[PDB]
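For reference, the structure is listed below as structure tokens.
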Amino acid sequence: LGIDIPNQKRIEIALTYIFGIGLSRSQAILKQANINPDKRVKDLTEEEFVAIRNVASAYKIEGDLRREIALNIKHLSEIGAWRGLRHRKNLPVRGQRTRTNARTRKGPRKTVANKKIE
Amino acid sequence: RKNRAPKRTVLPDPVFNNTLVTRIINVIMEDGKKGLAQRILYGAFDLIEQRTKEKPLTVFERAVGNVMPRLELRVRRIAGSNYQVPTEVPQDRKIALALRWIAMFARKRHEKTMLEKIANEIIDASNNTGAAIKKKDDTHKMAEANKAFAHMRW
Amino acid sequence: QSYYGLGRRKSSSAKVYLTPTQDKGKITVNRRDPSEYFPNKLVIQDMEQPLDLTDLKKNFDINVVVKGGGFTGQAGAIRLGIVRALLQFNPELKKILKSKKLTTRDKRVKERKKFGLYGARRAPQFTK
Amino acid sequence: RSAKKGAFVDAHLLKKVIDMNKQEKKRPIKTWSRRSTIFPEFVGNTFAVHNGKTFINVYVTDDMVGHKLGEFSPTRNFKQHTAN
Amino acid sequence: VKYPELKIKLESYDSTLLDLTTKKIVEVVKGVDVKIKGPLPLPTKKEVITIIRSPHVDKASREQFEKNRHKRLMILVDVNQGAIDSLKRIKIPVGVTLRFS
Amino acid sequence: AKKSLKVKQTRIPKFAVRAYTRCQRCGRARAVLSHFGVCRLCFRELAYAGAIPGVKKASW
Amino acid sequence: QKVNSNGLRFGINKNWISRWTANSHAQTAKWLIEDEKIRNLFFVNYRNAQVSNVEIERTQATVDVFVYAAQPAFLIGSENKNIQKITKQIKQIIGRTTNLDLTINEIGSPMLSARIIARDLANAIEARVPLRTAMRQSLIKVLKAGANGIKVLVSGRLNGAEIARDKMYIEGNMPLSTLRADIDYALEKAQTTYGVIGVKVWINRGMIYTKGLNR
RNA sequence: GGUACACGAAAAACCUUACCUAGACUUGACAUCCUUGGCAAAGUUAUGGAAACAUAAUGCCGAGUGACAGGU
RNA sequence: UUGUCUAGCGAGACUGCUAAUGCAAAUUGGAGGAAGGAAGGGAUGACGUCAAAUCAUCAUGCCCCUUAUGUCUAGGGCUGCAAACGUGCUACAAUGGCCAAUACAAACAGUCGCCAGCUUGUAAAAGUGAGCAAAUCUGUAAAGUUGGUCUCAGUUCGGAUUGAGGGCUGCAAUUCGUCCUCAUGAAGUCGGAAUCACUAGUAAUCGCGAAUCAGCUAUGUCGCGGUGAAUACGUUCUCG
């Protein structure tokens, strides 16, 4: 994790500008600590800047969140697993058909000449 | 071809009694919704009354008068080249397209709230400095060279 | 006594009762003011266009019950009931009201769409 | 994936495993269920699974076994990006 | 009273044949028993079934067929077995069925 | 084949989801109509002569 | 292409072949899938019976099937020769416990059925009988029987390869765009040594004045 | 092309299904033309088996032989 | 805040009347009505045309197979993959995004079912428990309004992909079902060339039901209902 604050706005959306904690887990932290974002001000108390990090670390660690997610990815990669096999080589694995889609995992375009005369 | 078909008529506004305001209602209307459009309407009149207070009407038909078009473009051909010449057009279509220009230049603004930007193009057009009058100037000016077939219309 | 009126619009209807009593009446429907049942918007003047253009609201009640439809059709139905009551009470105004075209509803309802149509007239986007 | 049975085996693998883990010295087993997912007590073996073309015999991992046994091997053949 | 709450429901898949059967039965039950309430008209169960016409490539050239089921109610509290006997003189046609409780 | 499909359909399976519905005189699982255990072509052709009691051309 | 006009007047002017109902998609499907085959039996079984029609009547699991023909002389049977076979095949087709019985009769003006004429021309096709004699015989017979103008057409092999010849004949008025006409249609496929011959016959019973209710 | 391309095909994880391969399969899975049977046809379960499927009783009823059917 | 409503029988618009101009036919206005000049719509496709489509609905003339193109189940495949088309969806936004409260239907279906409701749950759902073989029982209608926030920017936009966990059916969800909770947050600033559809309840937009099916990423199909515009001058061109 790190230290990040919105430009000048409510306290809660600071949780949006940190990874591993989206809007839902943000509201979860708020209802856990009973701290509501006061109007367009990020400064109400000084102790909260480590108090919120306590419960955030209690959930899990941001960088470690992604670290063990990537570890899980390479765990599919290490042993023979069709899910990992397709996930490693830039190709979708779920029920999505790979004949007209998957471009977001492919670069913008790599089109080449085709043979439609036959 | 289309033989003859009278168009629909508008009804007087219950709180304005102005055909022009009804055409405003029509042009800014989107997605088949009146209430949302009517909110923009109420905000527009209220803010025109608020900032530099005058008379919603006086400025309204003032802008309408300033944006009154002269000649509208239509295209003919020799079957191989398009030539655009302006001809006349009744007042109802003139007003409809003028208010359409106003609304289109309204939506193509980048300020925050709709009501304030709407009042902005309205007062700009009433001041003969908005973008609505520029296309009118262009449609009047192009007739300088399009007179060749503006003389003989087919 | 009361005036039996019926209004119809968009497959919705409305029964209307007015009285010649000594009360100016209060516009209401569904046991609430139209400011809370109908949208609190321009329709407040729309639902009373004939009564504010003729026979100002000073000598009758408002006992109207609605059935079905959305809300704009409800306004048309209640207006049709109002004009029906106005006609049956004072038919002499029949000449001066029909010019305004406040007569029966003009059967404009959503069509009965068919196969190959998206709005009963929209086409399937003909291609090459 | 059953949420009532941690990994729903077809229950015909049970016969093969109660044979094999008792024998526990001939790793290739002639049994194949693309819908089988092993429990921790059915781990450490190879599985001769019929692809529908050939009988592929591959060894299974010992760390995450809560996955389909046919999901550790390709279900069909594929090829590179189309240029021919 | 002899058999309270004769609530007999009649079912047919037409309105004209429905008219015929309703007329027949609610007029034959007159002549023997009193206190028969009017047969309450009932909504018609309409089913449109849209069907592809060609056995091949089109989803726009589809016809559509109708199946409409009709029903009528007779609620009889105060009666005698005379109406029950009268039920066995002129038979309802084969396209109409009865529901009872 | 065509007839053996009909034969195996009329049989009884061991699990309860093996069943697939079709018509019995002219059965076509492709665009099946289990509304009356019939087929689309079958219903259309029987409707032309009037073999169904309650069949009518749709009216709106 | 076009659609048989028998369905255009079915449901508003034409009588129902079957008049019955039951619980939806519970036993209606089975009952209809049985009695449709029951109906289709006789025309396939018999070609020399000139049967007019069949009629299914079901009343709460009580089922019977009327049959009507032109001349039941070969359908009643000597000392009930046919009726015993009819009863046996009826027990064959629809269960063994259901009530089963019928009666054979003749409808008024049996000559005005398209089915009998279509079967006659099919006999003229399956017997390798020439086409012109059959067509002229049908025309003169329907003219002298007494009726309004009818029509007929044929399609298929006419003793020659590259089938592109089909013949149509029409007399009087045949208003296929008219609600009330009470006009019958038949379609038959005759088997020949060169293939299948499809023949359509539109027989005009005659429009009835002020048809306000089903016949 | 108009007159295919939200199509046939209003449901491709068994079936759907024609197909790649495994196991079996032969007057025939199913039905019909002969003659003998009027009560045993399913299902049942340890048996081998990934799976058809055989050994154990149970519970239009039925054998052989020929006459062939079926082909998405 | 009871005779609206469901639906049978009918009545009712027929150039019926008049001014108007015409040999006639037929023409525009006015009265009236619920509606005036095919009241609005569906349903009703002549001969042919391209031998267009289906010998895989069916029947089916040829030829061929037959201890085999016949049978039975496992499993795989009809879903891949540089691409492009054809069609949706939904963004690129403060008419908006999210949050609380609040206005209102039609039809339509429901018997191994429709599921009122209770309790357990952030949730898929679970245990449970009434009416409905159906005008009595069932299926938050939303857009809207009261506001609150977001404060004008790659945003509480957009929600893709992927990951973790939970949920249901199904012998089973890997191939190739899907729902929800949580994690991330893809391109993207209105789309040149060209186009497609549309004359008022129209387009656009918002929601409900039915369908095959055990269930289903059907955004699709079939309909139902709500809000609800613009332009029609005109036929030189463009398609028939």
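Every number in this text was worked out from the coordinates using simple rules, so none of it is lab data. Cβ coordinates were reconstructed from backbone atoms using ideal geometry, including for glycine residues, and neighbour counts include every protein chain displayed.
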Item to check | Efficiency of FRET from Cβ geometry, C:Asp52 and C:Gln88, R₀ 25 Å, rounded to 0.05 | outcome: 0.80
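Starting from the alpha-carbon convex hull of region G:15-108, give the projected area averaged over all orientations, in nm².
Details: hull surface 26.0 nm².
Mean projected area of the Cα convex hull: 6.5 nm².
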Item to check | Evaluated over chain E, the Cα radius of gyration and Dmax, each in Å | outcome: 18.9, 66
Next on the checklist: Straight-line reach from B:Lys141: which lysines fall under 22 Å, measuring Cα to Cα and dropping same-chain residues less than 8 apart?
Outcome noted: B:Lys94
Checklist outcome for this item: Surrounding charge for C:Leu18, neighbours by C-beta under 14 angstrom, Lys/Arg +1, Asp/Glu -1, total +3
Checklist entry - How far is the Cα center of region F:1-47 from the Cα center of region A:63-108, in Å? => result 42
Checklist outcome for this item: CD proxy, 222 nm, chain B: helix-only mean residue ellipticity via -39,500 (n - 2.57) per DSSP H run with n ≥ 4, per residue, nearest 500, stands at -16000 deg cm²/dmol
Checklist entry - For chain F, what size does the Cα cloud have along each of its three principal axes, sorted from largest down, in whole Å? => result 44, 22, 18
Checklist entry - Got the relative contact order for region G:120-215 handy, in percent, Cα pairs under 8 Å and 6 or more residues apart? => result 30
Item to check | region A:40-118: trypsin sites (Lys or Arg not before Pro) in DSSP coil with no more than 10 other Cβ atoms inside 10 Å | outcome: A:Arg40, A:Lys89, A:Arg94, A:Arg97, A:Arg99, A:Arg109, A:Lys110, A:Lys115, A:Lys116
Checklist entry - Mind checking which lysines have their C-alpha under 20 Å from C:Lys24, skipping anything on the same chain fewer than 8 residues away? => result C:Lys15, C:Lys57, C:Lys58
Next on the checklist: Please report the spacing between the Cα centers of region B:138-154 and region D:51-76 in Å, no decimals.
Outcome noted: 79
Checklist entry - When only Cα pairs under 8 Å and 6 or more residues apart are kept, what is the percent relative contact order across chain G? => result 20
Item to check | Distance in nm between pseudo-label sites at B:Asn128 and G:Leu158 (7 Å out along the Cβ direction from Cα) | outcome: 8.6
Item to check | Value of D in µm² per second that Stokes-Einstein yields for region C:11-86, Kirkwood Rh from Cα pairs, at 10 °C (1.306 mPa s) | outcome: 127
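Filter C:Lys113/E:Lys59; A:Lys89/D:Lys79; E:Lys37/E:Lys71; C:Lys67/C:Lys113; G:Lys88/G:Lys189 down to the pairs with a C-alpha to C-alpha distance above 18 Å, please.
C:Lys67/C:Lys113; G:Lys88/G:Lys189
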Checklist entry - Cα centroid distance between region E:31-101 and region B:69-105, in Å? => result 63
Item to check | Point-to-point label distance, B:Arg76-A:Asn72, nm (Cα→Cβ direction, 7 Å offset) | outcome: 7.4
Checklist entry - Please state the relative contact order of region G:11-74 as a whole percent: Cα pairs under 8 Å, 6+ residues apart? => result 31
Item to check | Along principal axes, Cα extents of the protein assembly as shown, largest first, whole Å | outcome: 111, 109, 86
Checklist entry - Dividing the alpha-carbon radius of gyration of region B:19-151 by 2.2 N^0.38 Å (N being the number of residues), what value is obtained? => result 1.20
Item to check | Environment charge of G:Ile56, counting only residues whose C-beta is closer than 10 Å and scoring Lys/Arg +1, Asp/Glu -1 | outcome: -3
Checklist outcome for this item: Over 21 Å (Cα to Cα) among F:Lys8/G:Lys85; E:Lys7/E:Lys88; F:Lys57/G:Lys14 -> F:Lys8/G:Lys85
